[PDB]
Amino acid sequence: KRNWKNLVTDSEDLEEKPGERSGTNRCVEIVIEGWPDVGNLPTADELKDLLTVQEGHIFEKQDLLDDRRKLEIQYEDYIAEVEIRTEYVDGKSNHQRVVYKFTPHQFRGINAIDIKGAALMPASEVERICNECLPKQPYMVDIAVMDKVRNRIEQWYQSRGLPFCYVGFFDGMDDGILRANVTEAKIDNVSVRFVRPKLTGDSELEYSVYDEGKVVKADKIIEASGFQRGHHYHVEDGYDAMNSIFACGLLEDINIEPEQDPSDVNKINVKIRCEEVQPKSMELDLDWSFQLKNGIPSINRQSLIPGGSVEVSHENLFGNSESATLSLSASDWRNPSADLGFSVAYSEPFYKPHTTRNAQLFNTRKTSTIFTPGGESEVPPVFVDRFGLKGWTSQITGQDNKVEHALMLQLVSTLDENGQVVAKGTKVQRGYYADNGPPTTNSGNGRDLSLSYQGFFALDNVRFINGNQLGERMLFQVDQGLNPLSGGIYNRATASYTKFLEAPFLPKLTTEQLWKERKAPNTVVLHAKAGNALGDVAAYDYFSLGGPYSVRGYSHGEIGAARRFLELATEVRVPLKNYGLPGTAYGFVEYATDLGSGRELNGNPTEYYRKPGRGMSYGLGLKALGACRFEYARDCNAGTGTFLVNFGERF
Amino acid sequence: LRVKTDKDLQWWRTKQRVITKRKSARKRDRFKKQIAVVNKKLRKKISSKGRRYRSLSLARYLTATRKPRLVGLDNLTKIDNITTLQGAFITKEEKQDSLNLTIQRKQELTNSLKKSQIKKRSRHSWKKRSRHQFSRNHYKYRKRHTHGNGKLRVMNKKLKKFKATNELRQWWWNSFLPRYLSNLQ
Amino acid sequence: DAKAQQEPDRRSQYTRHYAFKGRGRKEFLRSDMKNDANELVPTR
Amino acid sequence: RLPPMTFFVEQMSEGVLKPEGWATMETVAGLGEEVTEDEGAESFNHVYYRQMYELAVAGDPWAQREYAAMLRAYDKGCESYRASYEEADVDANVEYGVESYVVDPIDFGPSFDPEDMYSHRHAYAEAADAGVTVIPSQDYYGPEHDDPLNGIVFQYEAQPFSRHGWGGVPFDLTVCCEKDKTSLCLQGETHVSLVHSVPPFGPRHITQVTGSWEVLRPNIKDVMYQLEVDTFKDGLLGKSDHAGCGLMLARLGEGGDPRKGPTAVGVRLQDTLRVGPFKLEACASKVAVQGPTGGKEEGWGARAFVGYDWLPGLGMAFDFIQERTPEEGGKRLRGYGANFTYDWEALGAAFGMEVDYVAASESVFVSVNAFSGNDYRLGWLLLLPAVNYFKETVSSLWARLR
Amino acid sequence: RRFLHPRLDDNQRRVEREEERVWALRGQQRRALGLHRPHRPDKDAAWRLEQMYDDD
Amino acid sequence: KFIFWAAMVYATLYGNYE
Amino acid sequence: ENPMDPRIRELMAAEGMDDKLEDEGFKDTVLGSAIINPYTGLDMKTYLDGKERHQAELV
Ligand SMILES: [Mg+2]
């Protein structure tokens with residue numbers, strides 16, 4: 001790269017022919033003549049760096065021909081004549097320089113430049129752009145300086161929005177003055193068109209066009225758009241019109257387009273197209289089965305009964321945009337009462353300012369963390385299966401503050417790897433299952449029916465200062481049992497508080513370190529959590545200590561179950577990007593207690609599995625790729641350290 | 001039964017449904033059949049354009065809703081691009097002057113109304129529920145990954161290469177090589 | 001009785017998976033692979 | 001302890017495949033001016049510039065011109081792209097302050113939980129780009145009061161031995177890791193593609209090497225190794241005929257050592273063909289697995305898809321396995337199946353029908369699905385299961401009143 | 001009722017004051033030229049678009 | 001049989017080129 | 001011996017099609033409104049371009 005002139009080592013003593021010049025025909029110099037110095041065209045150097053002929057390389061007649069064709073076809077508004085010739089720089093050698101001569105279109109006398117029209121552009125800069133574009137000699141002036149002048153003026157309007165304000169024409173030209181005329185258009189006509197498409201298997205959509213919409217009224221869109229007669233057109237006006245019309249929630253699509261009205265160039269006509277939503281939908285999914293005793297395919301009347309599922313959906317119930325989805329699923333429609341499945345979803349997005357309202361009928365199966373191997377070696381897992389109805393309201397407020405209010409009616413079952421219920425937990429002693437257990441539910445038969453209230457409040461003031469977040473975060477949760485039904489009356493409350501503080505045993509970063517070299521500060525994290533439970537709490541709602549997002553380095557419920565609990569944690573984080581290395585390094589120490597409340601639970605699970613009530617751990621770690629953490633943690637109840645790999649950030 | 005000639009584009013779309021369904025047409029047959037019979041530097045990334053068989057398909061969802069925001073530098077706003085209090089759009093030279101000027105103006109360290117907030121799970125309920133629903137229903141109506149216009153595009157490129165190979169061969173043998181061998185003496 | 005006598009289910013869709021845990025692993029089917037295009041960019 | 005041999009037969013016969021190729025740097029291919037996509041042109045350019053480099057090194061001014069012009073476009077595109085990086089960095093430092101951009105948290109569906117109880121753990125700063133991609137891996141039954149994701153899958157993809165964006169050896173790698181204090185899951189896969197020739201320098205001739213490994217502690221205490229070498233060429237019977245052959249080796253290393261344990265060896269073929277109005281794609285395979293103690297067990301598998309011009313909407317596929325257990329003279333265990341699909345539109349709805357035949361147990365499975373995005377006319381069949389439920393309610397309500 | 005409600009109310013009030021600052025700056029920008037007023041939408045549209053944005 | 005010899009017919013004729 | 005370089009031939013061919021589209025637009029603006037034959041709908045732009053054959057086929 002960069003000036004191949006070591007290829008021109010065919011010097012004056014390395015090759016010889018008796019009567020002819022010897023060598024290869026290399027280009028050794030490119031000279032550009034007649035190129036105008038106007039600002040809208042590139043100068044001679046980057047014109048030189050786009051030719052097929054290169055200095056120090058060889059060429060032929062075809063290269064000169066295609067260079068002439070490309071240069072003539074690229075700048076036909078400004079030059080339209082190039083002649084290219086070569087000449088030998090020395091006898092008895094084939095090295096020869098190539099010169100390019102341009103004769104641009106000229107205009108035979110321009111002395112002054114004037115700008116006319118443009119009642120929006122003040123006189124303070126029209127003077128300076130008329131002063132900038134002046135040539136020196138008056139007599140032979142190139143065309144392209146004309147194209148420079150409007151290239152100022154257009155740009156000015158394009159820097160201020162305004163896509164319909166342009167230099168129309170030049171009307172001087174007989175008295176020696178180049179006079180640009182600026183046209184500024186204004187809005188004249190606002191019209192609205194109503195269309196809908198049609199669902200087929202074709203790739204091209206056909207439409208049904210209406211003069212008036214079925215739901216929305218034609219002047220409502222025009223009043224919402226804010227388009228007035230006698231106003232300039234701004235692009236942000238179109239953005240605001242899009243927002244205000246699309247606010248209603250009943251539109252699938254809308255096109256805003258302004259057109260020039262070519263009968264009168266000072267007018268603008270804006271056309272609006274809008275589409276309503278098609279709200280109805282359904283889906284049917286059937287299946288059959290035929291047994292071939294012989295070639296007869298068994299076409300009895302009690303054979304065309306399917307076993308599929310039905311889904312029915314509707315948006316825009318009750319005028320506003322709230323939607324409903326309904327699903328049935330029976331595996332045999334001649335005996336539908338065997339394994340009938342049912343689901344209902346109802347969503348309401350515009351219930352209240354900053355509030356949504358939802359209802360759902362659904363299922364959940366998860367693994368119970370209470371019945372885990374703590375000090376006894378092996379234990380059968382217990383599965384919590386909930387089925388039922390939940391209705392809630394959600395608010396986002398203060399850019400991230402969250403409030404959720406929920407009311408729940410559910411049926412809860414405890415299972416063991418199957419659809420078979422259990423009523424007690426159990427362990428193996430030698431090869432035999434143990435006896436009489438701690439109970440898993442409140443009714444003692446493994447199935448419960450509960451009505452509950454759930455409140456959740458989250459307050460976030462955390463921001464990422466070049467990574468490495470700073471601030472504080474608080475979370476609160478209340479669970480209340482409302483059933484006098486199989487569940488009990490209980491109240492279960494949890495509060496957690498995390499503070500990301502800048503490290504006080506180190507010098508603090510300044511503003512130029514933050515803004516120029518993009519340095520992240522060193523932080524400490526202080527975290528507390530506490531929880532209490534009053535009343536009859538069932539075993540699928542106990543607090544569990546240990547695991548990730550608890551004391552690290554322990555199994556997921558290794559520390560015992562609890563009625564009351566306290567958890568403390570602190571961490572020191574340094575970013576490695578301040579030293580060029582990727583990632584961030586941290587060190588932590590964590591602790592949690594049940595506050596001597598293991599005896600408070602029904603059946604005492606913390607002594608059945610011989611789990612301790614408290615645990616402390618410490619360790620080191622590296623966070624590398626977003627939120628991928630690699631820790632080395634050390635259990636202190638036992639004295640063993642393990643490596644861990646986790647996704648997502650804690651605290 | 002012989003060979004279908006005259007294949008147009010509707011034929012191709014009908015076949016493209018089958019080509020789409022090929023992946024689900026494979027099932028875990030084999031052990032089930034055994035059970036039923038035994039009883040008796042540079043970085044590599046995806047393309048900036050979408051994929052092959054390109055077609056400018058439709059122009060429907062051209063408009064989007066923007067939020068008028070404040071910017072991390074002061075006295076600037078943004079709805080699609082940043083405007084710099086005289087109505088003009090901000091340039092490369094103004095950005096560095098604004099950053100050097102806000103060195104001093106960020107020294108008070110007033111933290112309020114963060115620029116990028118921590119996003120919640122239920123952030124835009126309407127948008128994730130129903131934004132382009134007609135396009136999803138329209139994909140439920142015709143089951144083709146590829147459009148016919150991309151097929152016409154790729155096919156016409158291939159036919160162009162075939163034709164250009166034919167003129168290269170005819171030009172070579174009838175024009176270039178006789179002249180080259182004549183110039184060799 | 002005829003429908004429930006075939007307690008072996010309908011044959012389900014095949015995917016390449018690992019032997020021990022059955023997580024899916026990527027396939028090279030031609031009718032899908034012929035649509036793919038990649039490029040190279042410099043790093044920062 | 002090895003997997004059943006039907007697993008290997010299904011894995012080695014899955015259709016007509018196609019390997020990994022070269023990806024091009026778009027600013028230097030088609031020097032300066034904008035381009036379009038075509039496989040043959042990019043494949044030509046990659047081998048063309050290596051050839052012109054060799055000729056330019058040997059001498060040859062006509063090759064030196066082409067290689068220098070490519071170098072000029074390469075420098076211009078690289079400087080433009082780093083300028084775009086600087087502009088994007090300045091724009092981000094203007095739009096946010098010293099603050100960073102934060103991702104969306106993962107959606108796990110509904111729960112009987114307040115659904116932002118742990119959503120603050122999956123909202124993190126980006127990092128933008130480092131070469132690898134990460135996804136979290138989730139289990140079927142998570143813990144009750146926590147998030148279900150447990151492991152991390154890493155993905156990497158590169159093209160190492162290139163000169164100036166004219167690549168060599170497409171390469172990619174994928175590792176799933178789940179580590180805690182009890183168990184350890186570690187799966188991995190790597191693919192390497194080697195291109196021997198492209199037209200007009202030859203025919204399209206590409207080989208591909210795949211390796212994979214499986215570790216799952218403390219359940220299995222053995223590790224699983226697989227290696228596949230498979231080669232494709234366009235031709236061998238006619239113009240543009242996509243043929244390919246391949247072999248597979250596998251072992252269950254005892255204690256992790258790859259020198260001891262049961263082994264599996266298999267080979268496969270693929271082809272396409274067009275006769276009359278019938279286009280067919282077929283593949284076949286044979287596996288010769290070793291048992292735990294019994295010895296040789298062999299199996300045959302085959303798949304076929306019969307595309308048809310007329311009636312271009314009927315899809316039909318055929319599949320076959322043959323089993324050869326010991327006492328091979330009287331234990332040939334066959335199995336074959338057929339699959340047909342079609343697709344209609346009627347009543348404002350899109351219908352799709354699938355007919356499946358298993359042919360060991362003579363059963364025909366028919367499954368029709370419909371979708372009406374226009375009206376609820378499709379719900380008239382919903383009166384069929386609603387009657388019988390009433391006939392199972394009154395008959396219950398009679399028996400509950402006795 | 002004594003700790004959580006006024007904190008959320010204060011944060012929300014800061015959010016509407018920031019929005020009013022945005023619209024004051026837009027009006028000042030269009031006053032710097034010789035143009036018209038930016039024509040903001042009403043409050044119903046404000047909370048509805050707060051549920052249904054496409055860009056931030 | 002069928003996928004041992006013809007599984008080496010393709011291997012031999014792929015070796016016949018390269 | 002010196003054919004026109006491709007990438008230039010196709011670029012000028014595409015720009016020639018742009019010129020043809022602008023030609024049809026300007027001619028339909030100026031001449032497309034006057035009626036020559038009222039029984040068949042033949043207009044001056046079709047008539048003076050020598051396209052009366054097309055008009056009979058279109059009817
Ligand atoms: Mg996994």
Side-chain angles (χ1 to χ4, degrees), chain A residues 197-198 200-207, chain B residues 3-22 47-61 135 138-139 141-167, chain C residues 29-39, chain D residues 18 21 24 26 29-30 33-44 199 204 234 239-240 242 272 274 277 279 281 307-313 315 343 345, chain G residues 6-7 9-18 20-21 24:
Chain A
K198 284 183 263 192
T200 55
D202 299 15
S203 305
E204 186 176 1
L205 277 296
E206 69 275 16
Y207 286 86
Chain B
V3 174
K4 197 184 184 292
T5 175
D6 61 356
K7 302 174 193 290
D8 54 355
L9 202 54
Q10 286 86 14
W11 179 93
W12 185 85
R13 295 202 178 98
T14 318
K15 184 187 61 70
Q16 191 49 230
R17 293 190 151 138
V18 159
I19 305 303
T20 303
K21 293 186 286 185
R22 295 290 179 89
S47 185
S48 291
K49 274 82 68 174
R51 57 176 95 207
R52 298 201 182 261
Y53 296 79
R54 286 156 198 177
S55 61
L56 176 56
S57 185
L58 283 168
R60 299 193 67 232
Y61 305 110
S135 65
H138 186 66
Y139 191 17
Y141 264 76
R142 83 290 184 276
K143 274 81 72 175
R144 314 180 267 267
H145 280 93
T146 50
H147 306 257
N149 286 337
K151 172 61 185 189
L152 293 188
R153 197 147 170 125
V154 163
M155 189 192 45
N156 281 297
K157 275 196 290 271
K158 289 193 172 193
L159 294 200
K160 185 56 183 187
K161 283 154 76 77
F162 178 79
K163 288 203 284 175
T165 308
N166 292 338
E167 292 85 4
Chain C
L29 272 298
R30 191 199 157 82
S31 69
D32 313 335
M33 187 66 204
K34 83 200 286 178
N35 307 340
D36 296 353
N38 301 80
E39 61 184 311
Chain D
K18 182 186 207 261
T24 182
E26 200 189 278
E33 182 65 26
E34 50 160 311
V35 298
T36 171
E37 61 86 20
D38 186 74
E39 210 165 70
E42 303 151 20
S43 308
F44 174 80
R204 192 161 186 100
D234 291 355
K239 51 178 80 172
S240 186
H242 321 293
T272 75
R274 176 59 170 248
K279 175 141 193 177
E281 294 88 1
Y308 210 21
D309 44 1
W310 4 80
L311 295 174
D343 186 74
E345 290 182 356
Chain G
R7 185 178 64 246
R9 192 186 71 226
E10 292 305 312
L11 192 62
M12 293 183 286
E15 292 184 332
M17 293 178 71
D18 286 334
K20 186 161 77 176
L21 187 135
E24 286 301 283

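The chains referred to below are lettered A, B, ... by the order of the sequence lines, with proteins before strands, and numbering in each begins at 1.
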When you look at B/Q16 and B/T20, which way does the side chain to side chain contact (heavy atoms under 4.5 Å, CB included) test go after all the steps? CA-CA 6 Å; B/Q16 191 49 230; B/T20 303; 3.9 Å; yes
Give the C-alpha distance, both sets of side-chain angles, the deciding distance and a yes or no for side chain to side chain contact (heavy atoms under 4.5 Å, CB included) between C/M33 and C/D36. CA-CA 6 Å; C/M33 187 66 204; C/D36 296 353; 3.7 Å; yes
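Residue pairs meeting the salt bridge (charged side-chain N to carboxylate O under 4.0 Å, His left out) criterion with at least one partner in residues 141-150 of chain B, sequence neighbours excluded, are B/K143-D/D343. Here side chain to side chain donor-acceptor pair (under 3.5 Å) pairs that include residues 151-160 of chain B, with residues two or more places apart or in two chains, number zero.
Residue B/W12 holds its CH2 atom at 3.0 Å from OG1 of B/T146, rounded to the nearest 0.5 Å. Between the CG atom of B/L152 and the CE atom of B/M155 there is a distance of 5.0 Å, given to the nearest 0.5 Å. Interatomic distance, CG of D/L311 versus OG1 of B/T14, reported as 10.0 Å (0.5 Å rounding). One distance of note links CZ of B/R13 with OG of A/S203; it measures 4.0 Å at 0.5 Å rounding. To the nearest 0.5 angstrom, C/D32 atom CG is 11.0 Å from B/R22 atom CZ. Expressed to the nearest 0.5 Å, how far OG of B/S55 lies from NE2 of B/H147 amounts to 5.0 Å.
A salt bridge links B/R17 with D/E345: at least one charged nitrogen is closer than 4.0 Å to a carboxylate oxygen.
The closest side-chain heavy-atom distance from D/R204 to D/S43 is below 4.5 Å. Counting only heavy atoms from C-beta outward, the side chains of B/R54 and B/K49 approach each other to under 4.5 Å. Between D/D38 and D/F44 there is no side-chain heavy-atom pair separated by less than 4.5 Å. Using a 4.5 Å heavy-atom threshold, the side chains of C/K34 and B/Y53 count as touching. Proximity of B/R60 to A/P197: side-chain heavy atoms (C-beta onward) are separated by under 4.5 Å at one or more points.
Heavy-atom neighbours of B/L9 CG from other residues, nucleotides or ligands within 6.0 Å: above the threshold of 12. Within a 6.0 Å sphere centred on CD of A/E204, other residues, nucleotides and ligands contribute 12 heavy atoms or fewer.
In this view, C/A37 and B/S47, B/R52 satisfy the side chain to side chain contact (heavy atoms under 4.5 Å, CB included) rule, not counting sequence neighbours. For B/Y61, the ring pair (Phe, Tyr, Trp, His ring centres under 6.0 Å) partners are B/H132, not counting sequence neighbours. For D/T272, the side chain to side chain contact (heavy atoms under 4.5 Å, CB included) partners two or more places apart in sequence, or in a different chain, are D/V16, D/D241, D/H242, D/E281. With sequence neighbours left out, the side chain to side chain donor-acceptor pair (under 3.5 Å) criterion links D/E39 to D/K18.
Nearest heavy-atom pair, A/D202 versus B/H138, reported as atom, atom and distance to 0.1 Å: O-CE1, 3.1 Å. The shortest heavy-atom contact between D/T24 and D/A29 is OG1-CB, 3.5 Å. Here the closest heavy-atom approach between residue D/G30 and residue D/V35 is recorded as CA-CG1, 3.7 Å. Of all the heavy atoms in B/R51 and C/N35, the pair that sits closest is CB-O, 3.3 Å.
Side-chain atoms of B/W11 come within 3.5 Å of backbone N or O of D/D309 as a donor-acceptor pair.
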